[PDB]
């Protein structure tokens, strides 16, 4: 099936288009091509600095009646410098304005770590440490709940939350809305079995980011493992007459995950969507799972002393 049921009663497309690192002069065409070839979910964020341009594409396709607003599933994220109560609505409303939407289908807390508010997305001290905010995540969550009650967002969720942090929200006194989604890094080198089983056991849908191992990550090193070039994965793809990317996107689909590969390349955008026509065997799935090496693309390395840094914990 193309969509998965959320704990808010809405359906979320299991395949979406990622937009981190999509250049502002390429992303409008990338999103327009994506909608034309069947994507109905776009993953966005204010700190990707391209929401205006994503929005231009969405609006054109709504205007052209290629799609109806109800058929789209648009996701964005609250940056770390907006965890204060008083700043959450404005940050949401800036994203809405940029995307030229009157609601978000899903709004996520981008990281559990709050940072000092200001113009800087990564405010730094004299030695390069991130300057934290004393806001705690449960107060941030109440602010996210308010956004649902004001009709600005249909669902709220979290991202890069470890199991104890998901637990903290689930055990929040006075909890009004559970998180719908936890969006986390997930691929055959970071298989996330423990955290996925915890979230799914609680009715929280997991979204897999960097599913192709983010080859365009700004900090890529030559010595790093490459999913797209791993002969073992290429062999599975060749057996199925699919590309390696296509196996990497179908893998999380069969774990009941949502997945959000990024591309600005028209041919790759179309390719990446043709993953509903084949199935990986359970053996293929267990084999892909065996490649785990707890390798992360996104480790937020400037925030390792933050009290809420999520990746000291095993999971």
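Numbering follows the first chain given and starts at 1.
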*Can you let me know which of the two, 161-169 or 141-149, has the higher average C-alpha B-factor in the entry?*
161-169
*Comparing 303-311 with 12-20, which stretch shows the greater average C-alpha B-factor in the deposited entry?*
303-311
*Which listed residue, 180, 175, 108, 238, has the largest C-alpha temperature factor in the record?*
238
*Highest Cα B-factor in the deposition, which of 191, 207, 95, 136?*
136
_Where does the C-alpha B-factor of residue 219 rank in its chain, lowest, middle or highest third?_
highest
_CA B-factor placement of residue 213, once the chain's modelled residues are sorted into thirds_ = middle
*What third of the chain, by the recorded C-alpha B-factor, contains residue 185?*
lowest
*Ranked by Cα temperature factor within the chain, is residue 245 in the lowest third, the middle third or the highest third?*
middle
_Ranked against its chain, the third holding the CA B-factor of residue 280_ = highest
